[PDB]
Amino acid sequence: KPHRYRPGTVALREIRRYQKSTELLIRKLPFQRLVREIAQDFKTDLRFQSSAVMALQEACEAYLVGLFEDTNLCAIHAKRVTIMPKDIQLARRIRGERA
Amino acid sequence: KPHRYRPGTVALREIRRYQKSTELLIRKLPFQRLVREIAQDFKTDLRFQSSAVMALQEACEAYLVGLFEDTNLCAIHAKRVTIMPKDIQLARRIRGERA
Amino acid sequence: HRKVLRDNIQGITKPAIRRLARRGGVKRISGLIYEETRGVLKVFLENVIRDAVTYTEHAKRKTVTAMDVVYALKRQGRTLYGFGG
Amino acid sequence: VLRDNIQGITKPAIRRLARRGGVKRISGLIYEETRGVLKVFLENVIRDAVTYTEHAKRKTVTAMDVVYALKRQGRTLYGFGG
Amino acid sequence: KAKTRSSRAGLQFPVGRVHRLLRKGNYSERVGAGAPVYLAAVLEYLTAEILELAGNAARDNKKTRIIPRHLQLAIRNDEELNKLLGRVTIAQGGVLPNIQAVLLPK
Amino acid sequence: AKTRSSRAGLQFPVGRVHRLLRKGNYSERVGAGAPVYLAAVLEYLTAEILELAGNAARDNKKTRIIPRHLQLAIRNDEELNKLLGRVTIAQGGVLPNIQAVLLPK
Amino acid sequence: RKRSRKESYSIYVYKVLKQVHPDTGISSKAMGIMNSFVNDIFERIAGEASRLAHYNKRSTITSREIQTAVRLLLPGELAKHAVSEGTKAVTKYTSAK
Amino acid sequence: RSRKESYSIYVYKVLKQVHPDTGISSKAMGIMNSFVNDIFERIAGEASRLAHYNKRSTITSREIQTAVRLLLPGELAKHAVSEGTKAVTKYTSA
DNA sequence: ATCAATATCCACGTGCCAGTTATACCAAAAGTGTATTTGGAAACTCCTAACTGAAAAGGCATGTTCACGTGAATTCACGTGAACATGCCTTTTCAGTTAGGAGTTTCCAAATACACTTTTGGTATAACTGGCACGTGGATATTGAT
DNA sequence: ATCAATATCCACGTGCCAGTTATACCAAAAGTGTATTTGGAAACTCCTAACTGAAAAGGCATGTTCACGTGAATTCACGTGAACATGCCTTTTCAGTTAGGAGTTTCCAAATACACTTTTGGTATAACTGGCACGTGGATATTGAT
Ligand SMILES: [Mn+2]
Ligand SMILES: [Mn+2]
Ligand SMILES: [Mn+2]
Ligand SMILES: [Mn+2]
C-alpha cells in the first residue's frame, strides 16, 4: 500500500531541483569554523570580514560542483552511473592538480 | 620457420625504446610544409627562421605525447588497453580545451 | 577565551556533499566518496587560505579581507567575480 | 601523387608519439582524430605568433614570436631564447 | 566651454579615468591619447554585449531586474563569451541545467 | 671599487637585475635590497637544478649536461616538478613509465 | 574624517544598461559582478599591451598596441566587433579637436 | 655593432661552483637561460602586484620575499628566503 | 623443461665537430660621487564592523530498516590491430643568390610637465515604491502499482 | 490500457526591504592652456640567414596471417536509494564592546638625477681538443615453440 518511488527517481528530481537554484549548499556555520580552523593552524589571531568567508564558500562549492561534473564523466566513460573515488582521482590527474 | 613475437611485445619494446630517447618523431619536411600551409591561411608570404619551425615541432610533439598519456589513463580506466577516439575526447574535455 | 577548534571537516556533512554532487548532475554515489570529497575540499581550502593569509601578513593586518581571498584565488587560476575588483 | 599536408603526419609518426606516451594498442580511428587535434593546436599557436609578427611590422616569423605565443596559451617552452 | 573626452569620442565610459589607471598601473612609461579612448570603447562594448544577453535571460524568467543567475545563464550559453570567461566563477551564478542522457530512465 | 655582486657574496649580476627591474615597468622605484635579494634567489635556484642535473649526467656516465639530464633532474624532484609543471623542456623527453596493467605475465 | 571615495564602474554600467534594456533594472550583486568584469578585462588588455610594447622595445602604449592585444585576447566574432567599436571611437576622437 | 645579453656566464660559474668537473652543452645552456628569465619574470611580476595592491610605489626586498613565498613550494621557499636574507644582510654590513 | 631466433648490452677504439680556451678591443653598462626629491614609517585619533551572546524555533541531520537495481564477475564469439616481409618514393643532406632584419641618423608630431579652472562622481541623508520573496490553495503532470 | 498518490507548475495576494530617486556638499579628478622634452617614424645602408636548386639514403605504404582483446550476453550478491522517526544544531534577530582598520600630519632615511670614471661582458677571429656519437664483435638476456 505505501508509495515508494523507485531508486533513481528522487535522484533525478533533486538534480533538476538543485541545478535550477543558486543558494549555497554547504552550511554556513560549519564552513566558517572549518575556515577559521585551517587559518588558525597557519597563523594565529586572525579576524575575517564576513564577505571573506562568503567568497571562500562561493569558490569552494563552485570548485566541487565542477569537479563532480568531470567525475560524473569519468564514471559514465567506464559504463557506470555511480561515481567512485577512482573517478575523482582520474579527474584530478588529467586536470593537473594531482598530476 | 619464421620467428614471430606475439602481439604486444614489439609495442612494449617500442615504448622502452622511445621513452628512453628524446629526438623528434615527426619528420621535419612534412611538418614544415604543414606549418607553411597553416601560416598562409592567416597572412600571405611569410618567412620562418629555422629555429621557429623547430620550436613549433618541439611544442606540438610535447603536447601530443602528454595527451596520449592522459588518453591512455582513460582507456585503462575503462578496463581497456586500446585508446579510442572517445578517450581523447574525454581527456580533452576534462583538461578544458574542448567543451 | 575561545573554544578550541578541531575536526571541523566533519561539519561538511554527507547530505551537503550529496547536494553538491546533484548540482553536478550525479545520479548515484558510492559510499567511499564522502571521505575523498572532504580530502579534496581541505587541500583546496588550505591552498587558497595559505595565499590569502600571506597577503594579509604583507599588509601588516590582522583581518583577512575579501580582496585577499580574491587575489589568492586569482593566482591559483580560479578568478572570482562579485567580491570587489 | 596528391594528398593533403595534414597527411604528412604519417601513421607511423603518430604511432611513435603514442609509444613515447606509453600506449600499447591503438584503434584505427585514432589516426584521423590525432590529425584533427594536431591541426587545432597548430592553428591557435600560429595565429597568435603571426599576430605578434604583424605588430612588429615584420615579414619573418621569429622564434621569439612562437615562444611568446606558446607562453600565451599556457604552453611555456624553454630553450629558444627569452 | 569644457567638454569631457568621453563625449568628444562619443562614449559612455570615462576616457579620462581609463587614462589615469593606465599611467597609475605601470603598464608603460608613456600613454598616447588613442589608447585610453580605444580601450574605453572596447570595455563599453563588451559590457553592452553581456548586458544584452543577460537582460534577455532576465526577461525569459519573468523578472524585471538582472541578478547574477541571469549573468551566469548569459555567459554560459554564448560560446564566445563562455570561452572568454572559462576560468571565471560567478558569485551566486549556478550551473546550466544539464543531465547526461544516459542517466535518464526508460 | 667593488661590484655589488661581490659585496653580496653572489655569482649573479646584482647591477643588471637592478637595471631589468627599472626598465621592466614593475614599479616606479626599486630599493637596493630588492635586486640583491632577487639575484640571490635566482642563483640559489640555478644551483639546485645544476646539482641534480649533474648527478643525472654522472649516472648516465656522461661528463657534460645535455637537456635530457635537466629533464630527469626536474621531473624527479617533487618541488621543482611543481614549480615547472606547466613548462616544456626542449629536447627533454619523458620519464620512463609503463603502466603496470600493460605488462605481461 | 570623511571616508575615501571608492571608485567603481556602477554609473557607466548603468548607462550602457539603459541604452540596451531601457525598462530593466540591476541588483547590487549583479552590479558587483559587472564591476569585477570590467576591471578584469581591463587588466588583461592593458597587461597584454604592456608586454606587446616591451617585446618591441617601445616605451609607449598607443591605440595600436591596445588593438593587437584585443586581437590576441578576444575570441573571433567578439574581437571583430570590438576592434570596430574601438577604431570608430578613436577616429571620431581625432576629428573632434 | 650588436650585443645580445644572456646569463650563460653566471650559470657556468655556478656550475663550476657545484660540479667543478662537469660541462654543459649549448642547448642545455639555452634551457638554463630560459629558466632564469622565467623565474625572474614570475617573481618580479608577483612583487609588482603586491606593491600595487597596497598602494606602494617601491619594490623592496620585503616584496620580493613575499613573492617568493607565493611562487615557490614549501622547502624551496624556506631555503630561498634564507639565501635571500643572507645576501642582503651581508650586502648591508659591507 | 631444451633449444633457436632475436634483441640487447658491453668493452674497446675511432675520427670529428662542438666545446673549451684565450686574446684583444670597447662600447656599453656599472660604479662613484654629488645634489635633490620624496615616499611611507611614525605618531595620533577617528569610527566601522567584527566579535560576542542570549534565546527561541524548525529546518535538516542522523540512523535504521528494507528492497531493488546496479556493478562485478564470468563466458564466449569474432573481427580488428599487431607482426612481418617487401617494394620504392619521399625525405634528407649540400650549394650560391637577394629578401628583409637591423643598424644609424635626423627631426617633427606627440608626449609629459607644470599651473590653473571647472564639474563630474561619490557620499550622504532623507525620501520613496514597486519588485520580489513568501505563503496559499488548486489545477495539472508524473509515477508506480495493477 | 486504469488508477491513486505525489510532486509540480502557476496565478493570486501580501508586506518589506532593496533599489531607485533627488538634494546638496565638495574635494577630488578632469579639462584647459602654456612651454618642454623625446620617442620612433622615416629616410638610408649594411649584412645575416632564409629561399631555391639538385642529388643521395632509409623510412613509408601495402598486403597477408592470426592471436587475442573487445563487446555483448547472462548471474548474483549486496550496497546504495528511499522513507521515516527523532531531536539537535544551525538560523535568525537583537543588543552592546572594542579591536583594528583607516584617516591625517609630521619628517627623515632612502630613493632618483645628473655628470663622471672604471671595467666587465660580449663579440670575433683564430685556436684547440677531448667528449660523445657510432661501429663492431661477442657474451648475455629475453621470448616463444616444442
Ligand atoms: Mn588547530
Ligand atoms: Mn550489470
Ligand atoms: Mn557630476
Ligand atoms: Mn585600539
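By Swiss-Prot numbering, chain E shows 14-119, in order.
Backbone N, Cα and C define each Cβ position, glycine as well.
Per Swiss-Prot, the features are:
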MOD_RES   E:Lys14  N6-(beta-hydroxybutyryl)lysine
CROSSLNK  E:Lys14  ubiquitin cross-link
CROSSLNK  E:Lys16  ubiquitin cross-link
MOD_RES   E:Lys37  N6-(2-hydroxyisobutyryl)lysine
MOD_RES   E:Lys37  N6-(beta-hydroxybutyryl)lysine
MOD_RES   E:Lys76  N6-(2-hydroxyisobutyryl)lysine
MOD_RES   E:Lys96  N6-(beta-hydroxybutyryl)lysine
MOD_RES   E:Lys96  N6-succinyllysine
MOD_RES   E:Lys96  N6-(2-hydroxyisobutyryl)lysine
MOD_RES   E:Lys96  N6-glutaryllysine
MOD_RES   E:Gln105  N5-methylglutamine
MOD_RES   E:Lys119  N6-(beta-hydroxybutyryl)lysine
MOD_RES   E:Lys119  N6-(2-hydroxyisobutyryl)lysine
MOD_RES   E:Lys119  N6-glutaryllysine
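With every protein chain in view, the residue among the modified residues E:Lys37, E:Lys76, E:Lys119 whose Cβ has the most Cβ partners within 10 Å turns out to be E:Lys76. Counting other CB atoms no more than 10 Å from each candidate's CB, the recorded positions E:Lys14, E:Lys16, E:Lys96 peak at E:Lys96. Here the recorded positions are E:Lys14, E:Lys16, E:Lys96, E:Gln105, E:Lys119, and the ones sitting under 8 angstroms from chain A, going by CB atoms, are E:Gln105. If you take the C-beta of the residue listed as 'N5-methylglutamine' and look for same-chain residues 6 or more apart in sequence within under 8 angstroms, you find E:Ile80, E:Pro81, E:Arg82. Nearest to E:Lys16 (ubiquitin cross-link) in space, judged by Cα atoms and limited to the modified residues E:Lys37, E:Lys76, E:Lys119, is E:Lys37. When the modified residues E:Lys14, E:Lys37, E:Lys76, E:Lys119 are compared by Cα distance to E:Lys96 (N6-(beta-hydroxybutyryl)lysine), the shortest distance belongs to E:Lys76. Among the modified residues E:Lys14, E:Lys37, E:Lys76, the residue whose Cα lies closest in space to that of E:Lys119 (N6-(beta-hydroxybutyryl)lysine) is E:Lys76. Using a CB-CB cutoff of under 8 Å against chain G, none of the recorded positions from E:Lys16, E:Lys37, E:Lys119 qualifies.
According to DSSP, E:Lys37 (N6-(2-hydroxyisobutyryl)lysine) sits within a helical segment. Reduced to three states, the DSSP call for E:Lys76 (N6-(2-hydroxyisobutyryl)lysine) is coil. It is 40 Å from the Cα atom of E:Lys76 (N6-(2-hydroxyisobutyryl)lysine) to that of E:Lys37 (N6-(2-hydroxyisobutyryl)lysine).
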